[PDB]
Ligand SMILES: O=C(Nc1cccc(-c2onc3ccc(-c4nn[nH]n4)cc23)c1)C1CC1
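Presented as structure tokens, the chain that follows is alone, the form solved without this ligand.
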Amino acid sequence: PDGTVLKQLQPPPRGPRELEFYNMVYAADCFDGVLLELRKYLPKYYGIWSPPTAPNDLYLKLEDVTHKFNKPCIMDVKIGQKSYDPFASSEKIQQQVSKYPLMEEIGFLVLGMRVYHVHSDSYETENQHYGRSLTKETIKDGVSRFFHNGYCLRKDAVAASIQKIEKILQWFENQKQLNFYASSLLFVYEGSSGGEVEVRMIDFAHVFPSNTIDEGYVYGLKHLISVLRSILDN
């Protein structure tokens, strides 16, 4: 209710790595311009949290970016060509690539969506198997489904999403210090205007220091932008 969410740390090493990522980015004494700009695109972070009687039980206290919406329409999109990190074993690489073998080709994967429908006063939800079933031939209509609300295709929300993704893309083109694997973009628009539209980066259990542009992430964002752009011509 307070506008936040508690996300339980994933098992080690993933949860500890995500905690350290948030701790690094939101360090009070940080004056790295790259990290200060990155804050704009993340949920606000309120630190590690645990229940008063259970210090063993670890959570991240994060901004709930859907809180300002009346009927939020939400889509989660995993970004990049590789869902596995630079230290994955042969087995883990195979595990990750088999979850969605089109990741290299498309550069993104819809993890899920929840869409408000005006005429029925109800939500339609798609699970992980929806996005994993999409191919090059069906990715445009697949993404389009998210924006079908209010007796129309919400081209206002599509255009606003492109404009917000572009700012994230620009951040990625001006930093050579972090590479992001199996991270996502969370899209929110108002289902009940341009409008209230929010796009935030989430899921940081596989973010690593780097010396290069995150090329896979850039490829994914560019392709996602291209798909959304084609939807404006519907």
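Just count from 1 along the sequence shown to find any residue number.
This protein has a second form, the form deposited with this ligand bound, left out of what is shown; the following refers to that one.
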Is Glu198 close enough to touch this ligand in the bound PDB entry, meaning at least one heavy atom pair within 4.5 Å? no
Would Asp156 sit within 4.5 Å of this ligand in the bound PDB entry, counting heavy atoms only? no
Is it the case that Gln175, even though its partner is missing from this view, gets within 4.5 Å of this ligand in the bound PDB entry, heavy atoms only? no
Would you please decide whether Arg114 lies within 4.5 angstroms of this ligand in the bound PDB entry, comparing each non-hydrogen atom pair? yes
Interface residue in the bound PDB entry among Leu58, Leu62, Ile168, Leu35, criterion: non-hydrogen atom within 4.5 angstroms of this ligand: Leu62
Exactly one of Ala160, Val143, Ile74, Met103 has a non-hydrogen atom within 4.5 Å of this ligand in the bound PDB entry; which residue is it? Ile74
Please state whether every one of the three residues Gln81, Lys136 and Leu221 places a non-hydrogen atom within 4.5 angstroms of this ligand in the bound PDB entry. no
Counting only non-hydrogen atoms and a 4.5 Å cut-off, give the residues of 41-59 close to this ligand in the bound PDB entry. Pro43
